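Have a look at work.cif below; it lists mmCIF, C-alpha atoms.
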data_protein
#
loop_
_atom_site.label_atom_id
_atom_site.label_comp_id
_atom_site.auth_asym_id
_atom_site.auth_seq_id
_atom_site.Cartn_x
_atom_site.Cartn_y
_atom_site.Cartn_z
CA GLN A 1 5.52 9.14 21.87
CA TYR A 2 7.82 9.21 18.83
CA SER A 3 7.62 11.59 15.85
CA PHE A 4 9.42 11.15 12.52
CA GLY A 5 9.18 13.44 9.52
CA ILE A 6 10.78 14.97 6.46
CA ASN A 7 10.51 18.69 5.71
CA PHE A 8 11.05 19.52 2.04
CA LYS A 9 8.26 21.96 1.23
CA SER A 10 9.84 25.34 2.20
CA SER A 11 6.31 26.70 1.63
CA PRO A 12 2.97 24.94 2.33
CA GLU A 13 1.67 26.04 -1.09
CA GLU A 14 4.02 23.93 -3.22
CA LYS A 15 2.70 20.76 -4.83
CA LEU A 16 5.69 18.41 -5.19
CA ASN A 17 5.06 15.33 -3.07
CA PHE A 18 7.51 13.10 -1.21
CA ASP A 19 6.31 9.97 0.58
CA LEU A 20 8.03 8.95 3.80
CA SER A 21 6.85 5.39 4.40
CA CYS A 22 7.46 2.72 7.02
CA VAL A 23 7.73 -1.05 6.62
CA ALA A 24 7.31 -3.27 9.66
CA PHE A 25 9.00 -6.62 10.19
CA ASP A 26 7.82 -9.19 12.71
CA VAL A 27 9.74 -11.73 14.76
CA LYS A 28 9.17 -14.16 11.89
CA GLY A 29 10.96 -11.78 9.52
CA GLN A 30 8.29 -11.49 6.83
CA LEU A 31 6.63 -8.22 5.91
CA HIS A 32 3.78 -7.68 8.37
CA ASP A 33 2.29 -4.20 7.86
CA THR A 34 2.92 -1.28 5.54
CA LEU A 35 2.43 2.47 5.68
CA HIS A 36 2.12 5.24 3.08
CA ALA A 37 -0.02 8.24 2.15
CA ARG A 38 -2.83 6.02 0.83
CA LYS A 39 -2.87 3.93 4.04
CA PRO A 40 -2.65 6.50 6.88
CA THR A 41 -2.95 4.04 9.77
CA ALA A 42 -1.13 0.75 10.25
CA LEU A 43 -0.54 -1.64 13.15
CA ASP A 44 -3.85 -1.19 15.03
CA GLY A 45 -3.33 2.56 15.38
CA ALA A 46 0.27 2.42 16.62
CA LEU A 47 1.59 4.12 13.46
CA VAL A 48 -0.48 7.12 12.38
CA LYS A 49 0.20 9.52 9.52
CA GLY A 50 0.32 13.19 10.42
CA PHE A 51 -2.18 14.61 7.93
CA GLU A 52 -4.96 12.36 9.24
CA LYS A 53 -6.54 14.14 12.21
CA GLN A 54 -8.36 10.98 13.34
CA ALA A 55 -7.40 7.41 14.32
CA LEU A 56 -4.78 8.89 16.69
CA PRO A 57 -4.88 8.95 20.52
CA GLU A 58 -6.46 11.91 22.30
CA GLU A 59 -3.11 12.68 23.95
CA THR A 60 -1.75 15.35 21.64
CA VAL A 61 1.77 15.75 20.26
CA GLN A 62 2.05 18.48 17.62
CA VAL A 63 5.07 18.82 15.33
CA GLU A 64 5.99 21.17 12.48
CA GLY A 65 7.10 18.78 9.72
CA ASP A 66 5.38 17.97 6.45
CA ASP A 67 4.96 14.19 6.11
CA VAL A 68 5.28 13.41 9.81
CA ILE A 69 4.25 10.06 11.27
CA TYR A 70 3.56 9.41 14.96
CA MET A 71 4.45 6.13 16.66
CA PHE A 72 3.23 5.15 20.13
CA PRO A 73 5.41 2.32 21.44
CA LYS A 74 3.08 0.93 24.12
CA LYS A 75 0.37 -0.18 21.67
CA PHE A 76 2.71 -2.48 19.73
CA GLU A 77 2.45 -6.25 19.81
CA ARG A 78 5.37 -8.51 20.68
CA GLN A 79 5.89 -9.91 17.17
CA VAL A 80 6.78 -6.60 15.50
CA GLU A 81 10.57 -6.24 15.73
CA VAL A 82 11.94 -3.85 13.10
CA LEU A 83 10.69 -0.70 11.38
CA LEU A 84 12.49 0.46 8.22
CA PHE A 85 11.90 3.95 6.83
CA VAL A 86 11.99 4.71 3.11
CA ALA A 87 11.76 8.23 1.68
CA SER A 88 10.66 8.21 -1.95
CA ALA A 89 9.37 10.43 -4.73
CA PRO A 90 6.94 9.24 -7.42
CA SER A 91 7.92 8.93 -11.09
CA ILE A 92 5.72 10.91 -13.48
CA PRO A 93 6.51 9.78 -17.04
CA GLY A 94 7.14 13.15 -18.69
CA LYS A 95 9.43 15.06 -16.32
CA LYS A 96 11.94 12.67 -14.66
CA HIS A 97 11.05 13.66 -11.11
CA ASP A 98 13.58 12.60 -8.46
CA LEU A 99 14.55 13.28 -4.85
CA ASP A 100 17.07 16.07 -5.47
CA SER A 101 14.48 18.24 -7.28
CA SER A 102 13.64 20.22 -4.15
CA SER A 103 14.93 23.20 -2.18
CA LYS A 104 15.94 21.05 0.81
CA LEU A 105 15.42 17.58 2.26
CA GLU A 106 15.96 16.83 5.96
CA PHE A 107 15.03 14.16 8.50
CA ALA A 108 13.57 15.37 11.81
CA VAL A 109 13.30 12.94 14.74
CA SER A 110 11.56 13.67 18.04
CA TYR A 111 11.56 11.57 21.21
CA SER A 112 9.03 13.16 23.58
CA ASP A 113 7.95 10.24 25.77
CA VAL A 114 9.95 11.64 28.70
CA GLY A 115 8.12 14.27 30.74
CA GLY A 116 9.35 17.85 30.72
CA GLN A 117 11.98 17.68 27.97
CA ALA A 118 11.24 17.02 24.29
CA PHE A 119 14.23 15.72 22.32
CA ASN A 120 14.34 16.81 18.68
CA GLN A 121 17.13 16.63 16.10
CA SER A 122 17.49 17.03 12.33
CA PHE A 123 19.72 14.93 10.09
CA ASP A 124 20.33 15.98 6.48
CA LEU A 125 19.84 13.74 3.44
CA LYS A 126 20.27 16.13 0.50
CA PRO A 127 23.99 15.43 -0.19
CA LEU A 128 23.18 11.71 -0.24
CA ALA A 129 20.34 12.27 -2.70
CA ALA A 130 22.27 14.62 -5.00
CA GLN A 131 24.72 11.95 -6.18
CA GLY A 132 23.32 10.34 -9.30
CA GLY A 133 19.63 10.08 -10.02
CA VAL A 134 17.88 8.40 -7.09
CA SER A 135 14.26 8.10 -6.03
CA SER A 136 14.14 5.89 -2.91
CA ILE A 137 16.65 6.00 -0.06
CA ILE A 138 16.52 3.77 3.02
CA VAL A 139 16.76 6.61 5.53
CA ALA A 140 16.89 4.69 8.80
CA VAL A 141 16.12 1.48 10.67
CA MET A 142 14.73 1.05 14.19
CA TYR A 143 14.85 -2.17 16.18
CA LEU A 144 13.73 -3.35 19.61
CA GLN A 145 16.37 -4.41 22.11
CA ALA A 146 15.82 -7.63 24.04
CA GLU A 147 15.62 -5.51 27.21
CA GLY A 148 13.14 -3.14 25.55
CA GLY A 149 13.43 0.35 24.17
CA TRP A 150 13.99 1.34 20.55
CA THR A 151 17.35 1.83 18.83
CA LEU A 152 17.59 4.02 15.72
CA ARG A 153 20.41 3.01 13.40
CA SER A 154 21.06 5.00 10.22
CA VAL A 155 21.85 2.71 7.29
CA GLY A 156 21.46 4.62 4.04
CA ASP A 157 21.88 3.32 0.50
CA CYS A 158 20.36 5.04 -2.52
CA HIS A 159 18.30 3.21 -5.14
CA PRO A 160 16.66 4.08 -8.49
CA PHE A 161 13.32 2.35 -7.90
CA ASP A 162 10.79 4.82 -6.50
CA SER A 163 8.48 2.44 -4.60
CA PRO A 164 8.95 0.90 -1.15
CA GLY A 165 7.84 -2.66 -1.62
CA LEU A 166 9.74 -2.82 -4.90
CA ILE A 167 12.97 -3.01 -2.87
CA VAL A 168 11.85 -5.67 -0.38
CA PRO A 169 14.99 -7.79 -1.02
CA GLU A 170 17.06 -4.67 -0.35
CA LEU A 171 15.20 -4.05 2.91
CA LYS A 172 15.83 -7.63 4.01
CA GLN A 173 19.48 -7.24 3.01
CA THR A 174 19.58 -4.14 5.22
CA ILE A 175 18.27 -6.28 8.08
CA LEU A 176 20.89 -8.96 7.44
CA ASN A 177 23.58 -6.27 7.22
CA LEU A 178 22.43 -4.90 10.58
CA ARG A 179 22.77 -8.37 12.07
CA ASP A 180 26.16 -9.27 10.60
CA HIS A 181 28.19 -6.06 10.30
CA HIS A 182 27.07 -4.62 13.65
CA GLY A 183 27.18 -6.45 16.96
CA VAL A 184 23.49 -6.31 17.89
CA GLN A 185 21.30 -9.31 17.06
CA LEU A 186 17.64 -9.76 16.11
CA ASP A 187 16.01 -13.19 16.22
CA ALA A 188 14.22 -12.52 12.92
CA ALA A 189 17.56 -12.19 11.11
CA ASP A 190 18.24 -15.78 12.15
CA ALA A 191 15.10 -16.72 10.17
CA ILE A 192 15.71 -14.39 7.20
CA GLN A 193 18.00 -17.17 5.88
CA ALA A 194 16.77 -17.29 2.27
CA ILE A 195 16.14 -14.32 -0.02
CA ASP A 196 13.91 -14.26 -3.11
CA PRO A 197 14.92 -11.77 -5.84
CA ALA A 198 11.37 -11.38 -7.21
CA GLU A 199 9.35 -10.61 -4.09
CA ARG A 200 7.36 -7.37 -4.05
CA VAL A 201 4.31 -5.99 -2.27
CA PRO A 202 2.43 -3.47 -4.45
CA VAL A 203 1.80 0.10 -3.40
CA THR A 204 0.07 2.43 -5.86
CA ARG A 205 -0.15 6.19 -5.46
CA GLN A 206 -2.80 8.39 -7.03
CA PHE A 207 -2.37 9.05 -10.78
CA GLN A 208 0.45 6.51 -11.10
CA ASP A 209 0.38 5.14 -14.63
CA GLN A 210 2.58 2.46 -16.17
CA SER A 211 2.52 0.18 -19.16
CA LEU A 212 1.04 -3.17 -18.16
CA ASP A 213 4.02 -5.15 -19.45
CA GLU A 214 6.50 -3.04 -17.48
CA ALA A 215 4.54 -3.36 -14.24
CA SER A 216 4.27 -7.11 -14.83
CA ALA A 217 8.03 -7.29 -15.38
CA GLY A 218 9.16 -5.61 -12.16
CA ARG A 219 12.66 -6.66 -11.16
CA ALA A 220 12.59 -9.50 -13.70
CA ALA A 221 14.44 -8.35 -16.81
CA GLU A 222 12.33 -10.50 -19.14
CA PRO A 223 9.22 -8.64 -20.35
CA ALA A 224 6.02 -10.66 -20.14
CA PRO A 225 3.23 -9.90 -22.63
CA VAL A 226 -0.02 -8.98 -20.87
CA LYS A 227 -2.34 -11.52 -22.49
CA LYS A 228 -5.13 -11.64 -19.88
CA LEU A 229 -6.18 -9.55 -16.90
CA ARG A 230 -8.31 -10.09 -13.81
CA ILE A 231 -9.92 -7.13 -12.05
CA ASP A 232 -11.03 -7.79 -8.47
CA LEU A 233 -13.35 -5.50 -6.53
CA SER A 234 -14.02 -5.21 -2.82
CA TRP A 235 -16.19 -2.88 -0.75
CA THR A 236 -16.46 -2.66 3.03
CA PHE A 237 -19.16 -0.91 5.06
CA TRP A 238 -19.16 0.95 8.36
CA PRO A 239 -21.16 -0.43 11.28
CA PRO A 240 -24.79 0.76 11.21
CA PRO A 241 -26.24 3.30 13.66
CA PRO A 242 -27.65 1.71 16.83
CA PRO A 243 -31.22 2.92 16.50
CA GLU A 244 -35.42 0.54 16.28
CA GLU A 245 -35.38 -1.16 12.89
CA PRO A 246 -31.91 -2.18 11.63
CA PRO A 247 -31.09 -0.21 8.48
CA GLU A 248 -29.84 -2.33 5.59
CA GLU A 249 -26.46 -2.14 3.89
CA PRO A 250 -26.69 -0.79 0.31
CA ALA A 251 -25.98 -3.09 -2.62
CA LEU A 252 -23.35 -1.46 -4.81
CA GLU A 253 -23.05 -1.93 -8.57
CA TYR A 254 -19.89 -1.86 -10.69
CA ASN A 255 -19.81 -0.45 -14.22
CA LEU A 256 -16.88 -1.07 -16.56
CA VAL A 257 -17.42 1.11 -19.65
CA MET A 258 -15.34 0.71 -22.81
CA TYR A 259 -15.15 3.86 -24.93
CA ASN A 260 -14.32 4.67 -28.54
CA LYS A 261 -12.29 7.40 -30.20
CA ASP A 262 -15.25 9.68 -30.93
CA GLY A 263 -16.52 9.46 -27.36
CA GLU A 264 -19.33 6.87 -27.41
CA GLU A 265 -19.46 3.68 -25.37
CA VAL A 266 -18.90 0.43 -27.31
CA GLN A 267 -19.39 -2.56 -24.94
CA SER A 268 -19.95 -2.21 -21.15
CA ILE A 269 -19.74 -5.10 -18.62
CA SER A 270 -21.83 -4.34 -15.49
CA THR A 271 -23.71 -6.00 -12.57
CA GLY A 272 -26.57 -6.19 -15.13
CA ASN A 273 -24.81 -7.06 -18.43
CA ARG A 274 -22.54 -9.82 -16.98
CA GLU A 275 -21.12 -10.35 -20.53
CA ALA A 276 -19.46 -8.60 -23.53
CA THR A 277 -17.43 -9.63 -26.64
CA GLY A 278 -14.05 -9.64 -24.81
CA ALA A 279 -15.13 -9.40 -21.14
CA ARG A 280 -16.41 -12.29 -18.95
CA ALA A 281 -17.66 -11.30 -15.45
CA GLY A 282 -17.70 -13.72 -12.48
CA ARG A 283 -15.35 -16.55 -11.40
CA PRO A 284 -15.37 -19.65 -13.69
CA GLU A 285 -17.64 -22.35 -12.13
CA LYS A 286 -10.34 -7.40 15.70
CA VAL A 287 -11.95 -5.18 13.05
CA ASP A 288 -9.52 -4.94 10.15
CA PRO A 289 -9.64 -1.35 8.80
CA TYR A 290 -8.27 -2.53 5.43
CA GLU A 291 -9.82 -5.96 5.00
CA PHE A 292 -10.11 -7.16 1.40
CA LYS A 293 -12.68 -9.76 0.35
CA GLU A 294 -13.55 -10.10 -3.32
CA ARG A 295 -17.12 -9.34 -4.38
CA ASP A 296 -16.80 -9.82 -8.15
CA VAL A 297 -14.19 -10.87 -10.69
CA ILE A 298 -14.06 -9.13 -14.07
CA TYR A 299 -11.95 -10.72 -16.80
CA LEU A 300 -10.31 -9.10 -19.81
CA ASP A 301 -8.81 -11.11 -22.67
CA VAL A 302 -6.42 -8.45 -24.00
CA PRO A 303 -6.10 -9.40 -27.70
CA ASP A 304 -9.79 -10.23 -28.21
CA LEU A 305 -11.38 -6.87 -27.41
CA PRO A 306 -13.17 -5.03 -30.22
CA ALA A 307 -10.47 -3.07 -32.03
CA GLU A 308 -12.30 0.26 -31.67
CA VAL A 309 -11.98 0.43 -27.87
CA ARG A 310 -9.52 3.00 -26.57
CA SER A 311 -10.04 3.48 -22.82
CA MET A 312 -11.89 1.45 -20.18
CA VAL A 313 -13.01 3.24 -17.02
CA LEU A 314 -14.23 1.22 -14.03
CA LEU A 315 -16.77 3.18 -12.00
CA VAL A 316 -18.31 1.94 -8.75
CA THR A 317 -21.45 3.55 -7.38
CA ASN A 318 -24.98 3.27 -6.12
CA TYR A 319 -27.17 6.02 -7.54
CA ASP A 320 -29.52 6.25 -4.55
CA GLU A 321 -29.63 9.84 -3.32
CA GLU A 322 -29.96 11.23 0.24
CA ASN A 323 -27.28 8.77 1.40
CA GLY A 324 -24.16 9.43 -0.64
CA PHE A 325 -21.55 6.93 0.52
CA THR A 326 -22.62 7.05 4.18
CA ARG A 327 -22.14 3.64 5.81
CA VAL A 328 -19.54 2.73 3.16
CA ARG A 329 -15.93 2.44 4.33
CA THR A 330 -13.63 1.35 1.50
CA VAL A 331 -13.85 0.60 -2.22
CA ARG A 332 -10.81 -1.22 -3.58
CA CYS A 333 -9.59 -2.62 -6.90
CA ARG A 334 -6.79 -5.09 -7.56
CA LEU A 335 -5.45 -5.96 -10.98
CA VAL A 336 -3.91 -9.37 -11.54
CA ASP A 337 -1.85 -10.40 -14.54
CA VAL A 338 -3.30 -13.85 -15.07
CA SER A 339 -1.82 -14.77 -18.45
CA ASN A 340 0.38 -17.46 -16.87
CA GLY A 341 -2.49 -18.85 -14.77
CA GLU A 342 -4.84 -18.09 -11.91
CA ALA A 343 -4.14 -18.90 -8.28
CA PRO A 344 -6.79 -21.15 -6.71
CA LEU A 345 -9.21 -19.36 -4.41
CA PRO A 346 -7.76 -19.23 -0.87
CA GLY A 347 -9.74 -21.61 1.30
CA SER A 348 -11.12 -23.49 -1.71
CA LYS A 349 -11.03 -27.27 -1.44
CA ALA A 350 -8.80 -27.64 -4.50
CA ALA A 351 -6.40 -24.97 -3.23
CA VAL A 352 -5.88 -26.55 0.19
CA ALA A 353 -5.78 -30.06 -1.31
CA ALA A 354 -3.03 -29.04 -3.74
CA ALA A 355 -1.09 -27.13 -1.08
CA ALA A 356 -1.17 -30.09 1.32
CA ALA A 357 -0.32 -32.58 -1.43
CA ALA A 358 2.55 -30.43 -2.73
CA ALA A 359 5.65 -30.73 -0.57
CA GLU A 360 7.30 -27.56 0.73
CA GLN A 361 10.43 -28.04 -1.42
CA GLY A 362 11.95 -25.01 0.29
CA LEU A 363 8.87 -22.86 -0.39
CA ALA A 364 5.93 -22.37 1.96
CA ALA A 365 3.43 -22.66 -0.90
CA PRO A 366 3.90 -23.32 -4.63
CA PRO A 367 4.44 -19.97 -6.39
CA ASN A 368 1.18 -18.50 -7.65
CA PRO A 369 1.75 -17.42 -11.27
CA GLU A 370 -0.64 -14.51 -10.79
CA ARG A 371 1.20 -11.21 -10.41
CA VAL A 372 -0.51 -8.25 -8.75
CA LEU A 373 0.02 -5.01 -10.67
CA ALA A 374 -2.08 -2.43 -8.81
CA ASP A 375 -3.94 -2.40 -5.47
CA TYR A 376 -5.74 0.94 -5.50
CA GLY A 377 -8.52 1.91 -3.13
CA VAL A 378 -10.57 4.85 -1.91
CA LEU A 379 -11.35 5.34 1.79
CA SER A 380 -14.26 7.12 3.43
CA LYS A 381 -15.03 8.41 6.90
CA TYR A 382 -17.75 7.44 9.37
CA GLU A 383 -20.29 10.10 8.41
CA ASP A 384 -18.78 12.76 6.12
CA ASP A 385 -19.18 10.51 3.08
CA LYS A 386 -22.31 12.05 1.55
CA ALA A 387 -23.11 14.12 -1.57
#

Reformat the file's structure so that it appears as structure tokens.
Amino acid sequence: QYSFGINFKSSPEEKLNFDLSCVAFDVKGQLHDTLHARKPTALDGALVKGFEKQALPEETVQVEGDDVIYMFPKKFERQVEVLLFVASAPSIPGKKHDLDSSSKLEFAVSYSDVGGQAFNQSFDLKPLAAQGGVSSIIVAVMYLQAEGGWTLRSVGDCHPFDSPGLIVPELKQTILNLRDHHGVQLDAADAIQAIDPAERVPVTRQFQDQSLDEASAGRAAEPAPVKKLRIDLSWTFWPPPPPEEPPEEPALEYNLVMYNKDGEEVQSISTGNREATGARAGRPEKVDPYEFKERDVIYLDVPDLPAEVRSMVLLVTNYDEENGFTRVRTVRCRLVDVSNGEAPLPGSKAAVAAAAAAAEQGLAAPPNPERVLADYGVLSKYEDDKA
């Protein structure tokens, strides 16, 4: 059992939030799984966030940190080689929140897999954070030796971007640095050969808000006008209770509601309406806890909306009572900037035909012009999800 955590609070009542996140890297070298406060569990239960009191083994290891994560090394697969750790703070628009705006910031590591003695130590990161204005620091890297066991190197370089997954090229450069500068060798680094500057996996924290053009720009310095948008929905259900007649899964409805300055709804696109002046709904013509399969596809042609709209809320619900959200696991939304084009549906005949016809040309698949801007979801438990 391994325990990793930062301890910044100095009092459990304070509200300022710091996310300590992990990024896995397989033998292939590509990003395999991700971890953060929105996604408590990753890698089939091997990596479990501390606040979640479920999804973790019955064998109990209790620590005293704040954003602690537990890792159980036996449950891992063979492919997963490296785990990078990134400590970050979100960026609220009106206050300039950064890492150093806290009483303290330390890194506590515990190795307790050996019986009798529990090893625990605390590095400090505050003097590294204080220099300049920084939001995400690569705290540490852990890698598997060819003979087994985990080695914890400490490569730390500050960065201004506040989102792990926005610094994916920097993480891969950390891996390459580990291979070259230091003696030890990982087979994945031999496959990391090429590096793409604009390669980012999206992670969105609660209440994060950004201008659409900025989020669509990312690392690319050139702003791209948000001309069209595609909203994708996906809901996943728990398994049903074993008992007589098999109960039926509910059919959820989605309700996008456009509002006006005075507070009245202008045009709403919903499972029933299916149409509006500027909104077209529907596409033209082993248990994965976080599976994503699209149910509907809402479109939004940015310039063509009625000029009196001000805010568009997307609610998802079934109004049947006495059930709440019981037997509903996850409800997830993904925005897609689609102004430059739409990627063909994965598994569609045209998609596979084009991918096979198109030569690699140094790229596994031709670059999909679509650019994900936000992957935000809400999770629910087995039974508590009622009322």

Have a look at CA of residue 185 (chain A) and CA of residue 197 (chain A) and let me know their distance in Å, one decimal.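 Spanning CA of residue 185 (chain A) to CA of residue 197 (chain A) is a straight-line distance of 23.9 Å.
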
Starting from the displayed file, determine the output of the PyMOL selection byres ((chain A and resi 98) around 7) and express the residue list as a list in words.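 For this structure, the PyMOL selection byres ((chain A and resi 98) around 7) captures residues 89, 96, 97, 99, 100, 101, 133, 134 and 135 of chain A.
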
Given all atoms listed in the file as the counted atoms, nearest of A:285, A:157, A:196, A:370 to residue 334 (chain A):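 Of the candidates, the smallest distance to residue 334 (chain A) is held by A:370.
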
Could you give me, as a VMD selection string, the residues within 10 Å of residue 152 (chain A), counting all atoms listed in the file and dropping anything in the same chain fewer than 2 positions from it? chain A and resid 83 to 84 109 140 to 144 150 154 to 155

Can you tell me which residues surround region 343-353 of chain A at a distance of at most 9 Å, considering all atoms listed in the file, apart from same-chain residues fewer than 3 positions away, and format the answer as a PyMOL selection string? chain A and resi 338+356-358+367-370

Would you kindly return, as a ChimeraX atom specification, each protein, DNA or RNA residue with an atom no farther than 12 Å from any atom of residue 146 (chain A), considering all atoms listed in the file and excluding same-chain residues fewer than 4 positions away? /A:27,78,81,150-151,184-187

Missing atoms in region 291-304 of chain A should be modelled up to N, CA and C atoms and reported as a CSV table (one decimal), in the frame of the given file.
chain,number,residue,atom,x,y,z
A,291,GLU,N,-9.5,-4.6,5.4
A,291,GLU,CA,-9.8,-6.0,5.0
A,291,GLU,C,-10.2,-5.9,3.5
A,292,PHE,N,-9.8,-7.0,2.8
A,292,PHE,CA,-10.1,-7.2,1.4
A,292,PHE,C,-10.7,-8.5,1.2
A,293,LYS,N,-12.0,-8.5,0.8
A,293,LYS,CA,-12.7,-9.8,0.4
A,293,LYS,C,-13.4,-9.5,-1.0
A,294,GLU,N,-13.1,-10.4,-2.0
A,294,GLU,CA,-13.6,-10.1,-3.3
A,294,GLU,C,-15.1,-10.2,-3.4
A,295,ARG,N,-15.7,-9.3,-4.1
A,295,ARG,CA,-17.1,-9.3,-4.4
A,295,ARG,C,-17.4,-9.8,-5.8
A,296,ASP,N,-16.7,-9.4,-6.8
A,296,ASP,CA,-16.8,-9.8,-8.2
A,296,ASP,C,-15.4,-10.0,-8.8
A,297,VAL,N,-15.4,-10.7,-9.9
A,297,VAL,CA,-14.2,-10.9,-10.7
A,297,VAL,C,-14.4,-10.6,-12.2
A,298,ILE,N,-14.0,-9.5,-12.7
A,298,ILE,CA,-14.1,-9.1,-14.1
A,298,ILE,C,-12.8,-9.7,-14.8
A,299,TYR,N,-13.1,-10.2,-16.0
A,299,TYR,CA,-12.0,-10.7,-16.8
A,299,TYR,C,-11.8,-9.9,-18.0
A,300,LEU,N,-10.6,-9.8,-18.6
A,300,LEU,CA,-10.3,-9.1,-19.8
A,300,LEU,C,-9.3,-9.9,-20.6
A,301,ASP,N,-9.7,-10.5,-21.7
A,301,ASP,CA,-8.8,-11.1,-22.7
A,301,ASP,C,-8.3,-10.1,-23.6
A,302,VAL,N,-7.0,-9.6,-23.3
A,302,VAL,CA,-6.4,-8.4,-24.0
A,302,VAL,C,-6.6,-8.5,-25.5
A,303,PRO,N,-6.1,-9.5,-26.2
A,303,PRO,CA,-6.1,-9.4,-27.7
A,303,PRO,C,-7.5,-9.4,-28.3
A,304,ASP,N,-8.5,-9.9,-27.6
A,304,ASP,CA,-9.8,-10.2,-28.2
A,304,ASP,C,-10.8,-9.1,-28.1
